[PDB]
Amino acid sequence: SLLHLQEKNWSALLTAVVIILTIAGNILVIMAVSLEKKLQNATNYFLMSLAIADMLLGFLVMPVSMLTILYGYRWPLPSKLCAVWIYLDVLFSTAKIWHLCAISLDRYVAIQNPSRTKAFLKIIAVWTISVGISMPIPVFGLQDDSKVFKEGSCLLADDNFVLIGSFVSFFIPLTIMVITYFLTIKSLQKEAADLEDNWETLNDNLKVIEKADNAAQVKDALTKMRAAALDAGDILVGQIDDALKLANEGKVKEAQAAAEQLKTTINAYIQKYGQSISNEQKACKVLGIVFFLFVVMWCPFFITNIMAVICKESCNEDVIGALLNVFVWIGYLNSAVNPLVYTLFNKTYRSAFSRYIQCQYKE
Ligand SMILES: CC(C)CCC[C@@H](C)[C@H]1CC[C@H]2[C@@H]3CC=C4C[C@@H](O)CC[C@]4(C)[C@H]3CC[C@]12C
Ligand SMILES: CCCCCCCC/C=C\CCCCCCCC(=O)OC[C@H](O)CO
Ligand SMILES: CN(C)CCc1c[nH]c2cccc(O)c12
Ligand SMILES: [Mg+2]
C-alpha cells in the first residue's frame with residue numbers, strides 16, 4: 001500500500017513561497033508589457049511569452065511537484081497524468097530556453113538591420129518548435145509507464161529521452177544563444193569604437209577648416225568630413241554639401257562659418273546616436289543576466305540528470321534521485337527571478353509594478 005501523505009513539511013512550506021513568487025512575479029511582467037507603451041518592443045514581447053511560460057509553470061507544473069513531495073514521491077494522482085505533467089514541465093522549460101535563444105538571435109540580426117505581428121510570428125514559431133520537441137513524452141510515455149514511472153515515482157526514466165532531449169532541446173539553442181550573445185557584444189563594441197573614430201575625425205577637420213587660409217584646406221577637410229559623415233549612416237550630409245559648393249567657388253571665410261553651423265548638428269547627432277548604443281549595451285547585459293541565471297540555476301539539475309545516465313551502475317541512484325528533487329527547485333526558482341531582474345535593472349517595469357500594487361492602471 002503506497003501513496004501516503006507524510007511529515008515532509010519542512011520542504012513543503014518553502015515550495016509555496018516559490019509558487020507565489022512565480023505566479024505574481026510573472027503576472028506583473030505580463031501586465032506591464034500589455035499596459036505600458038514604453039515596453040511595446042520585440043524583446044519585451046518575448047519577455048512576456050517567457051513570463052506566460054513561467055506562470056503556466058507556476059499554475060500547473062510546480063503545484064504537482066509539491067504534491068509528490070507531500071506523498072514521499074509516490075505519485076498521488078491518476079497514473080495517466082504523470083506523462084502529462086512531465087510533458088508540461090519539459091514544454092515550459094524548452095519554451096524558455098528557445099525563447100532566450102530567439103531574443104539573443106533576433107537582436108544580433110536587428111543589430112545588422114536599419115511590428116507586433118513580426119514578433120508574434122516568432123513567438124508562435126518557438127512554441128511550435130517547443131511543443132514539437134517535447135511531443136515524444138506523451139506519445140511514448142502514455143503508451144509505456146516504464147518511461148515515466150520509476151518505482152511509483154513519476155519522473156522521466158527513459159535514458160534516451162533524457163540524453164537526446166538534453167542535447168536537442170537544450171544544447172542546440174544554448175550554443176546558439178552564447179554565440180549570438182558574444183558577437184552582439186562584439187558588434188556593439190566595434191560600433192561604439194567606430195563612433196569615436198568619427199567623433200575624432202570630424203572634430204579634427206573642424207580644427208583644420210578654422211585654421212585654413214586657402215580654398216584647398218577647407219575643401220580637402222570638408223570632403224573628408226562628408227566621407228566620414230556617410231560612414232555613420234542623412235540630416236548633416238546635405239549641410240556639408242551645402243558648405244562644399246562654398247569652398248568650390250572659393251567663398252572661403254563664408255564656408256568656414258558654415259562649418260561652425262555643422263558643429264551643433266554633429267554634437268546633436270553624436271550624443272543622441274551615442275546614448276543609442278549606450279542603451280542597447282545596457283539592455284544586452286540585462287538580457288545576459290536573464291540568460292546567465294537561466295543556465296547557472298539549471299546547471300546542477302542538468303549535469304546530475306546526465307550523471308544519472310552516465311554512471312548508471314557506478315553512482316548511488318538513491319542520492320542521485322535525492323539530489324534531483326532539490327536541483328529541480330533551484331531551476332524552478334528561476335521562474336521567480338526574471339521579474340526581479342526587471343525590477344532592479346529597468347525603471348520602466350519597476351514604475352509599472354509600483355503602480356499595479358497601488359491598483360493604478362493609467363500610465
Ligand atoms: C495548457 C493551457 C492551460 C495553456 C493556457 C495558455 C494561456 C495562459 C495563454 C494562451 C493565450 C494567452 C493570451 C494570448 C494573447 C494575449 C495578448 C497579449 O497582448 C497579452 C497576453 C494575452 C492576453 C495572453 C494571456 C495568456 C493566454 C490566455
Ligand atoms: C501558449 C501556451 C501553449 C500551451 C500548449 C499546451 C499543449 C498541450 C498538448 C499536448 C499534451 C497531450 C496530452 C494528451 C491528453 C492526455 C490526457 C490524459 O492522459 O488523461 C489522463 C486521465 O485523466 C487519467 O484518469
Ligand atoms: C525538467 N524536467 C526534466 C524535470 C523532470 C522531473 C520532474 N519531476 C522530477 C522528479 C525527479 C526527477 C526528475 O527528473 C523530475
Ligand atoms: Mg585626431
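Counting neighbours? That spans all protein chains shown, and the Cβs are built from the backbone with ideal geometry, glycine included. What follows is calculated from the coordinates using simple rules that are stated; it is not laboratory data.
For segment 54-182, just say rounded, prolate or oblate: build the C-alpha gyration tensor, square-root its eigenvalues into a ≥ b ≥ c, call rounded for a/c under 1.5, and beyond that prolate if a/b exceeds b/c, oblate if not.
prolate
Give me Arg226, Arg107 ranked fewest to most by other Cβ atoms within 10 Å of their Cβ, as a rough exposure proxy.
Fewest-to-most Cβ neighbours within 10 Å comes out as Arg226, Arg107.
How far apart, in nm, are the 7 Å Cα→Cβ label points at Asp234 and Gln360?
Taking the simple label geometry, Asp234 and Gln360 are separated by 3.9 nm.
Sort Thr180, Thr22, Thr264, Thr223 so that the residue with the fewest other Cβ atoms within 10 Å of its own Cβ comes first and the one with the most comes last.
Fewest-to-most Cβ neighbours within 10 Å comes out as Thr264, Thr223, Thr180, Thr22.
Which value results when the Cα radius of gyration for segment 236-322 is divided by 2.2 N^0.38 Å?
Working it through for segment 236-322, the quotient is 2.55.
Starting from the Cα of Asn203, move 7 Å in the Cα-to-Cβ direction to define the label point; list residues of segment 273-289 whose amide nitrogen is under 13 Å from there.
Counting only backbone N, you get no residues.
Compute the Cα gyration tensor for segment 135-237, then decide on rounded, prolate or oblate, letting a ≥ b ≥ c be the square roots of its eigenvalues: rounded whenever a/c is under 1.5, prolate when a/b is larger than b/c in the other cases, and oblate in all that remain.
Prolate shape, in that a/c is at least 1.5 and a/b is the bigger ratio.
Quick one: what does P(r) look like for segment 182-224 with 5 Å bins over all Cα pairs, in whole %?
Calculated over all Cα pairs of segment 182-224, the distribution is 6, 22, 20, 13, 12, 9, 9, 6, 3, 1 percent.
Using only helices, what value at 222 nm comes out for the chain when you add -39,500 (n - 2.57) per DSSP H run of length 4 or more and divide by the total residues, to the nearest 500 deg cm²/dmol?
-27000 deg cm²/dmol
Among the listed pairs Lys38/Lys282; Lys285/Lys347; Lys37/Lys186; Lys8/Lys96, which have their C-alpha atoms separated by more than 18 angstrom in this model?
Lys37/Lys186; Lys8/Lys96
Quick one: grab the alpha carbon gyration tensor of segment 211-363, order the square roots of its eigenvalues as a ≥ b ≥ c, and give me rounded if a/c is under 1.5, else prolate or oblate depending on whether a/b is larger than b/c.
oblate
Sort by residue number and name the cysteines in the chain that have no neighbouring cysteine Cβ under 4.7 Å.
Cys101, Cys284, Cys299, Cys359
Please state, as a whole number in µm²/s, the translational diffusion coefficient that the Stokes-Einstein equation yields for segment 63-105 at 10 °C and 1.306 mPa s, with Rh defined as the Kirkwood radius across alpha carbon pairs.
Calculated translational D: 133 µm²/s.
If each residue's Cβ is checked for other Cβ atoms within 10 Å, how do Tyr71, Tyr108 rank with the fewest at the top?
Lowest count first: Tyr71, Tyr108.
When the Cα atoms of the chain are enclosed in a convex hull and the volume is divided per residue, what value in Å³ results?
Looking at the chain, the number lands at 167 Å³ per residue.
If r is the Cβ-Cβ distance from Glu36 to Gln271 and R0 is 30 Å, what FRET efficiency results, to the nearest 0.05?
Efficiency, from the Cβ-Cβ distance: 0.70.
Testing the spin-label approximation: label points 7 Å from Cα along Cα→Cβ at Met307 and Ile289. State their distance in nm.
Those two pseudo-labels are separated by 3.0 nm.
For segment 31-100 and segment 179-218, what is the separation of their C-alpha centers, rounded to whole Å?
Here the two parts' Cα centres lie 48 Å apart.
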